[PDB]
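Following: one structure in structure tokens, then a few remarks.
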Amino acid sequence: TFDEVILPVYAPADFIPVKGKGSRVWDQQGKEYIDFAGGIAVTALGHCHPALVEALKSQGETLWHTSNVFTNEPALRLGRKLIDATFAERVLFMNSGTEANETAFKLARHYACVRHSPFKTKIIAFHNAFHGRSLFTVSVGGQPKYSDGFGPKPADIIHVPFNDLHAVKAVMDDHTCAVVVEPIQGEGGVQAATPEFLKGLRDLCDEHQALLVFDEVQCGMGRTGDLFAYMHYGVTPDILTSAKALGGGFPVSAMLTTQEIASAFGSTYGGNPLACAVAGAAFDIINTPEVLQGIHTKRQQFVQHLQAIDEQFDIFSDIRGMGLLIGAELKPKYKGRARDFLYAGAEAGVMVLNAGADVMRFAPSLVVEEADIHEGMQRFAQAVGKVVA
Amino acid sequence: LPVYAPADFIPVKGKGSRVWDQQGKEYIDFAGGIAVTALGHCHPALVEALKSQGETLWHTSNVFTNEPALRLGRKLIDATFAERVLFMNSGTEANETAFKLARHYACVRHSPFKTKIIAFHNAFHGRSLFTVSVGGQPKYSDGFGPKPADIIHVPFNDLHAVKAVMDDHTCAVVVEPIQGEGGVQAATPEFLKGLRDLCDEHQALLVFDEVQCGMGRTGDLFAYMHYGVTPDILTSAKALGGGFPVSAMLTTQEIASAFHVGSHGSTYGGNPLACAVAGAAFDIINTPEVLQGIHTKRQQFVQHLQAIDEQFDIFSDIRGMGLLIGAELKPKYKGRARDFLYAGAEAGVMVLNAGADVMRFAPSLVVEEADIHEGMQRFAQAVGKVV
Ligand SMILES: *Cc1c(COP(=O)(O)O)cnc(C)c1O
Ligand SMILES: *Cc1c(COP(=O)(O)O)cnc(C)c1O
């Protein structure tokens with residue numbers, strides 16, 4: 001049915017998920033799967049979490065939609081929660097990570113234009129970066145194969161290697177408006193920024209009067225075991241973007257910044273009432289000491305399994321990432337074959353991810369039960385075993 | 001300039017075409033959150049779809065399909081020229097997908113140099129850098145650094161201008177069959193058919209932005225059906241989810257095949273919860289009875305607007321299609337649209353603008369006759385206060 005209905009932009013699994021509860025999912029044939037993928041780090045509280053269902057139902061019988069002309073109570077409440085918990089003084093709500101990034105990039109550009117010079121236009125970004133698939137965001141993204149072939153790209157974007165501080169210093173000048181970076185490049189093989197690199201970015205932005213833009217669409221909202229990855233590093237950005245985990249499955253996103261920067265464009269703008277209600281309930285759960293502590297407990301449970309799998313099958317050269325964003329890089333013998341293990345995983349009843357062709361990625365619910373971790377990782381071990389044999 | 005609500009106008013509850021704020025003041029909703037809540041607030045069918053799917057499955061990623069998405073895709077394909085659909089979150093994203101597709105199709109089918117996009121003055125297509133550059137308001141596209149190039153703007157309804165700028169290096173013509181933001185201006189039959197013929201001649205794709213005028217708004221499922229002019233690509237949002245963030249890009253198999261695995265496009269797009277709600281909305285809007293009702297209701301609004309002009313002498317033109325209504329103000333009241341809107345709010349009726357000279361109405365497609373009369377009596381009161 002897929003090939004007959006929707007554009008040839010995706011190559012989906014043979015099975016169709018129909019129901020989810022917690023970190024378990026069922027297809028049309030009733031086959032049960034363990035979810036270590038979370039729809040690519042989106043369902044951070046699992047499927048149909050009672051508190052998120054409650055919020056959806058309660059707001060759903062009250063008010064769904066206002067235009068950006070009006071504010072609404074769920075948006076104001078969520079805005080306040082994000083402002084109180086972060087560096088942010090102002091928040092702008094959208095629907096997707098791409099839109100949040102569009103907003104952040106446009107703001108950095110416009111801030112430079114009005115506060116400094118219309119010629120202050122250079123955006124520094126990184127190879128293997130992913131920021132979305134709109135023309136602008138994909139051009140800021142560091143994957144030419146995704147940005148090629150759509151006509152003239154928005155100009156004045158410069159790409160250098162991730163974690164290469166000297167390259168950044170080399171390209172930055174008084175005509176630079178922003179540095180855009182994922183504190184951890186999720187799609188780009190789960191590579192975390194070094195402390196010196198991220199700190200260095202802050203110093204260079206300060207020097208050249210450019211804005212440091214953190215894309216935390218994937219690595220934000222508790223993913224790393226801190227509310228946002230920047231908190232782990234102790235490096236404060238000028239602008240931050242958040243989505244995916246923000247709504248635990250509901251299409252929602254946020255752009256966070258200071259009042260000084262926001263004024264280039266109330267403490268909150270926009271935000272769908274239904275979306276913000278759900279994101280509010282999601283925030284309330286994730287931003288607790290115990291949930292954040294548990295993310296680190298759960299990571300080591302996952303990592304110990306991956307270490308045991310490697311001890312058995314000689315398969316991983318590296319296990320990396322932060323919190324419940326986990327990357328397992330394949331050894332040279334299994335290079336380029338990440339998709340093979342993902343497919344065998346699904347056959348064994350476990351849903352995993354890739355991060356390029358050389359890396360297995362895990363992004364489960366932040367509250368995934370210990371029992372589900374052990375069962376799912378046993379399934380993945382069997383899947384690995386089938387590929388090896 | 002921009003219309004913003006004060007601290008004492010915060011909507012907290014909606015029921016049908018009525019809205020209440022924090023202080024419990026009741027409003028009649030003729031705005032629909034800018035033509036979004038096409039079935040009113042908290043419609044029982046849409047609430048039921050939201051709640052039931054909400055207990056089952058909200059989100060899988062696009063490396064999976066889902067039943068609600070398949071069901072909705074099938075319904076759109078069966079009812080339109082479309083053979084393939086791509087689901088996204090917003091009209092902007094749908095337009096991004098459409099414009100990228102037209103560009104990529106030309107690149108692979110003809111030439112990497114076939115890049116020109118023809119768009120129109122006063123057009124609105126969204127607020128991403130690309131979509132706002134295709135949009136026809138330079139004030140909204142200025143000041144964000146280098147714009148994506150090869151976009152040419154000409155006046156809406158000016159066929160000769162289009163003919164003049166089009167060539168073998170043109171990949172697309174992008175147009176709203178009715179320009180909603182741009183003063184509620186409908187394309188003439190000659191103009192829109194002319195666009196089809198020119199796109200045929202130059203092997204360019206005709207892209208209809210029906211984000212505002214689509215999904216029943218005009219009294220047809222899509223505005224293109226009224227005109228009898230079939231586009232190569234169509235975009236839909238707003239009314240599609242009746243308040244739930246959802247959008248769709250509609251095209252043929254031949255065009256869709258230009259995209260391969262990885263060409264696009266989304267994390268949320270194709271969302272099981274979104275598509276279930278949109279399915280329920282589609283099922284209600286795409287019925288002869290609701291679509292007939294839209295024309296009945298339009299005339300009820302128009303008769304009130306005519307009566308207001310008879311008493312107050314404020315309108316020079318009443319236009320639009322279905323329940324997308326534009327009422328242009330007379331020269332003596334140029335630039336007063338915002339003031340009539342705020343006076344409306346004071347009188348307990350929510351209306352829109354379409355530029356500083358035009359009043360816009362985009363109510364629920366099933367707005368009750370009683371709400372129409374009451375709300376327009378409130379608006380007639382608001383007008384009297386202004387004049
Ligand atoms: C997934 C992701 C995005 C894209 O967000 P959408 O919701 O797909 O628009 C952008 N940036 C990063 C780092 C991401 O991981
Ligand atoms: C409202 C509108 C859009 C924007 O859609 P979003 O959902 O706001 O991204 C684009 N084009 C037209 C014609 C519109 O009316």
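Atom set for the values below is all heavy atoms of this structure, side chains included, hydrogens, waters and symmetry mates excluded. Ligands are counted one by one from 1 in listed order, and the atoms in each one are counted from 1 as well. A note on names: the letters A, B, ... follow the listed sequences, proteins ahead of strands, and every chain is numbered from 1.
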Which residues satisfy the side-chain hydrogen bond (donor to acceptor under 3.5 Å, both in side chains) test with A:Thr98, sequence neighbours excluded? none

Please tabulate, for the side chains in residues 175-183 of chain B, all donor-acceptor contacts under 3.5 angstrom to protein atoms that are two or more places apart in sequence or on a different chain.
unit_1: B:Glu176; atom_1: OE2; unit_2: B:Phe124; atom_2: N; d: 2.9
unit_1: B:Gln179; atom_1: OE1; unit_2: B:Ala123; atom_2: N; d: 3.4
unit_1: B:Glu181; atom_1: OE1; unit_2: B:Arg360; atom_2: NH2; d: 3.2
unit_1: B:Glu181; atom_1: OE2; unit_2: B:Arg360; atom_2: NH1; d: 2.8
unit_1: B:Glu181; atom_1: OE2; unit_2: B:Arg360; atom_2: NH2; d: 3.1

Check: B:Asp29 side chain, B:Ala31 main-chain N or O, donor-acceptor pair, under 3.5 Å: yes

Does A:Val190 offer a backbone N or O that forms a donor-acceptor pair with the side chain of A:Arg320 under 3.5 Å? yes

Pick one: which of B:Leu240, B:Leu234, B:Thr235 meets side-chain contact (heavy atoms from CB on, under 4.5 Å) with B:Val211? B:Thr235

Using heavy atoms and a strict 4.0 Å limit, residues surrounding ligand 1 turn out to be A:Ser96, A:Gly97, A:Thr98, A:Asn101, A:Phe130, A:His131, A:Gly132, A:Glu182, A:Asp215, A:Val217, A:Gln218, A:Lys244, B:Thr267

Which residue pairs pass the salt bridge (charged side-chain N to carboxylate O under 4.0 Å, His left out) test with at least one member in residues 240-255 of chain A, sequence neighbours excluded? none

